Amino acid sequence: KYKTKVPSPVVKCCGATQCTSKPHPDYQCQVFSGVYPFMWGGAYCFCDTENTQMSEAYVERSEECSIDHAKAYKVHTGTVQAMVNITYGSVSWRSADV
Amino acid sequence: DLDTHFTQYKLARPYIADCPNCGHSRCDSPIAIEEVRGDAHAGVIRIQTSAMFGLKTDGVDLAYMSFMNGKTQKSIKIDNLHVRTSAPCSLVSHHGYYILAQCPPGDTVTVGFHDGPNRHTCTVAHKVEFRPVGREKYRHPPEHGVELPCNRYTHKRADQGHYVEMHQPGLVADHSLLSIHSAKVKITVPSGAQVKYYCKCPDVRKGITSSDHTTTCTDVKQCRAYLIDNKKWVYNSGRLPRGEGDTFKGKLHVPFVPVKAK
Amino acid sequence: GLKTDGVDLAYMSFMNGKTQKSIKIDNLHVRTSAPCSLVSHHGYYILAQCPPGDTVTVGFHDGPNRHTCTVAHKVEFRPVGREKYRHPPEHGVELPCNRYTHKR
Amino acid sequence: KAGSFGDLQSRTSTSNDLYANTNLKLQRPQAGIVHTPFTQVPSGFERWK
Amino acid sequence: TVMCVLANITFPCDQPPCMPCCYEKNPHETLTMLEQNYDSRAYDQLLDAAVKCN
Ligand SMILES: *[C@@H]1O[C@H](CO)[C@@H](O)[C@H](O)[C@H]1NC(C)=O
Ligand SMILES: *[C@@H]1O[C@H](CO)[C@@H](O)[C@H](O)[C@H]1NC(C)=O
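Definitions and cut-offs
- Entry numbering is not used for residues: they are numbered from 1 along each chain in the order the sequence is written, which may differ from it, and residues without coordinates are omitted.
- Both sets of labels track the order of writing: A upward for chains, 1 upward for ligands.
- Bear in mind the chains here are only a fraction of a larger assembly, and the values reflect that fraction.
- Values reported for side chains reflect all heavy atoms of the structure, with hydrogen atoms and water molecules removed beforehand.
- The buried label goes to any residue with under 20% of its type's maximum accessible area, the exposed label to any with over 50%, and the partly exposed label to all in between, with areas taken from a 1.4 Å probe on protein chains only.
- The secondary structure listing takes helices from DSSP runs of H or I that are at least 4 residues long and strands from runs of E that are at least 2 residues long, numbered from the N terminus.
- Note on contacts: a residue pair is in contact if any heavy atoms of the two residues lie within 4.5 Å.
- Here, two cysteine sulfur atoms that lie within 2.5 Å of each other are counted as a disulfide.
- UniProt positions are given in the numbering used here, feature names are shortened, and annotations may be inferred rather than shown by experiment.
- Defined here as a combined quantity, buried area equals the accessible surface (1.4 Å probe) lost by two parts on assembly, summed across both.
- Here, a salt bridge means any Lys or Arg side-chain nitrogen found within 4 Å of an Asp or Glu carboxyl oxygen.
- Throughout this description, a polar contact denotes any pair of N or O atoms lying within 3.5 Å of each other; where both atoms belong to protein, one of them has to be capable of donating a hydrogen while the other can accept it, and for residues adjacent in sequence the pair is counted only when both atoms sit in side chains.
- Amino acids outside the nonpolar list (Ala, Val, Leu, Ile, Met, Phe, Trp, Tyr, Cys, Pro) and the charged list (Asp, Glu, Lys, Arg) are all regarded as polar, and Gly is one of them.

- Header annotation of the entry names cryo-EM as the structure determination method and lists the resolution as 3.0 Å.

Some details on helix α2 (residues 43-51) of chain E
- Across the nine residues that make up α2(E), a large majority, seven, are buried.
- Every buried residue of α2(E) is accounted for by E:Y43, E:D44, E:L46, E:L47, E:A49, E:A50 and E:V51.
- Looking at the buried positions of α2(E), the neighbouring elements they touch are α1 (2-8), β12 (163-164) and β22 (252-253) of chain B together with β2 (9-12) and α1 (27-36) of chain E.

Here we look at the UniProt feature "disulfide bond" in chain B
All names here are of chain B.
- With an S-S distance of 2.3 Å, the disulfide that UniProt assigns to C22 and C27 is formed in this structure.
- Judged by relative accessible area, which is 14%, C22 ranks as buried.
- The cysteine pair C199 and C223, annotated by UniProt as disulfide-bonded, shows a sulfur separation of 2.3 Å, below the 2.5 Å cut-off, so the bond is present here. Pair noted here: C199 is in strand β17 (residues 194-200) and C223 is in strand β20 (residues 223-228), with a separation of 24 residues, a long-range link. This pair shows no difference in class: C199 is buried, exactly as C223 is.

Some remarks on the interface of chain B and chain A
- Taken together, the contacts link 36 residues of chain B with 30 residues of chain A.
- Taking both sides of the interface into account, the surface hidden between chain B and chain A amounts to around 2,900 Å²; carbon and sulfur atoms contribute 53%.
- Broken down residue by residue, the surface that chain B buries against chain A is led by B:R224, B:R242 and B:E244, which jointly contribute 22%.
- Where chain B packs against chain A, one counts three salt bridges.
- Across the pair B:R242 and A:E56 runs a salt bridge whose closest N-O atoms are separated by 3.6 Å.
- At the surface where chain B touches chain A, the tally comes to 20 residue pairs in polar contact.
- For the side of chain B that touches chain A, the elements supplying multiple residues, two or more each, are β3 (35-37), β11 (150-153), β14 (172-173), β17, β20 and β23 (258-261) of chain B.
- Here the side of chain B that touches chain A is composed, by residue class, of 13 nonpolar, 10 polar and 13 charged.

Here you go:
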């Protein structure tokens, strides 16, 4: 399973900050313009329309990848081994691997 | 063991983050659900919230949650701290930002708590599936049967390598730091905490102040002020603003990592 | 939201016989199959956000006493649009829809 | 592909390449809200399971 | 021993400079040192050492 890591967006109040491609799996950055953010303090950025938000997101392995995961394997050919029991005459069972 | 990881969470502060369903409407909530992880078996889920559990503003005590009433960082005793998907869930544990709970199948996840009269609740949609282990699709874990391997969330640290990324809070916005004084507007630094003001009196005025500073201007709604506190960490959440040069990460431990159990 | 003498939006009034007694809203729980979120309460009416269910129960506490009433109205969740979501999403598209107003 | 199997492929359990094709598109934040909405194809691992 | 960096100071990771308590003395400095040592292979030792306060 994947985990979409979403870092904190970069909100520039009266500016246009722009994307910079980062070496990350399925990395997406977008620069949505005209955002008037509201937060608990209320009025996050001054400029009514000339506000920019840079949102980025990238896929990682989920935390559970170390416990459940599918291993893809190429098989070609191998040893054939077997455990064998032998008795002969009065000798009892020996049961050794070959 | 338990003490040292709870000590370790003291660098992290709760935060107020946007939440879809607060009850009435969508608001900024102290208990905002960041992530629900529900890929374990037998209906055990891990909810990352915006509130610290088991911490007190001065120390650790596993009966206290801490959460922001604004910029106050107030700490209470866990009054209800209830998790429910379609019927109430059983709080298996709570550590740091995270709570581990056994939940029935559902189409919502709500976490909420009481601070005296006040009730803080946050619901996200996050459909939760009960995941039977084995070759019979049972709906609730049986009292007898067969012990089969299964994925469960630990309550004790296994030898951690699962980390949560943390950063210093950026420019926490607050307009209670603005007031009208005489005829101009006043920026009051609460205590030993910097404040960035951006005051568009018609000339663009701005700066960072460690003390009270009247900024001229006339109305309160020209003088947007931002609290800068860099003494705590917050989770690298998509619901929290960040600034341009705010890259520095923090790398705290995650409790309740997945493990294979029976 | 009424008091025997006046209005105050923390008080319910109900008849304990012929007494017409007024209390503080103690729980005022509304539940269809899980508890609902009381958006508002005004006059005889309460407005609540509810999960899909087959019953509607309204109840309240007057100290030790619990007054509860369950009717068998089936509540259907009604998605707006062309996707059958079960709980309102956090993001998406703002589409026109029918809602109960919360003041007037 | 985006959602069948091998949508997230890593050479080892601790590798850093982590090829991942999930069709992840970032979406416009809702008015007022500082959040980072995104849309993604559901995991092909669980679809396989 | 693994080495970690704080500004231009370089120190053994398990033994940060302060020792009795490195969050009460200067909380910002401890945080900034933990951020500077993000990629260290022995970051866990630092996080215990910094958080240690009896
Ligand atoms: C054959 O060997 C097995 C061990 O591989 C042993 O348990 C068994 O007794 C042997 N066979 C007989 C008839 O005893
Ligand atoms: C650099 O290291 C020297 C030697 O310990 C010290 O005197 C100086 O203060 C350090 N500079 C900074 C900026 O930390």
